[PDB]
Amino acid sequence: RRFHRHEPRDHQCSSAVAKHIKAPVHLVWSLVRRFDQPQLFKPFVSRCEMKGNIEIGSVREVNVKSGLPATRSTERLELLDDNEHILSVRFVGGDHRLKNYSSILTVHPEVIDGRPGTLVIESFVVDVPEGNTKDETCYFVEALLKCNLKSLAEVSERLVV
């Protein structure tokens, strides 16, 4: 929990979503660590471009699919601990209403139904846009994150069989 304890100010909101996955942690992490290919598990991503190798400070340009409140987002890699399985990303651009969005995703070992499994936790802190409440912003972000972690679980478990 020490990695998902943000200190939000009153004009912001912060929350977290979790997902249990019936797959070993190094497979799920092998998926999550591909900073250049978020479409690997994000259902809303249609295209992603990134220049150079993946390093702290790398910036990917993401295009999302139809039926969404936005089309593109510019996201920078803030942290990638390979052995601790920690990925932290900050939104730095795009045409969306998620200003100062920062997220931390951690992958942990866990026994599920007697078999090797994975606990994924993703927390975030974001500025509440003008006109919305905290509950609305956190609800919207939690919905997108829940979809992303559900898809990550399905792709990870399909890669085990």
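Start at 1 and count along the sequence shown; that's the residue number.
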Maximum C-alpha temperature factor, selected from 113, 36, 136, 122: 113
Lowest, middle or highest third - CA B-factor, residue 43: lowest
Residue 27, C-alpha B-factor rank within chain (lowest, middle or highest third): highest
Chain thirds of CA B-factor: placement of residue 84: highest
Chain third (lowest, middle, highest) by recorded CA B-factor, residue given as residue 68: middle
Position of residue 92 among the chain's modelled residues by C-alpha B-factor, lowest, middle or highest third: middle
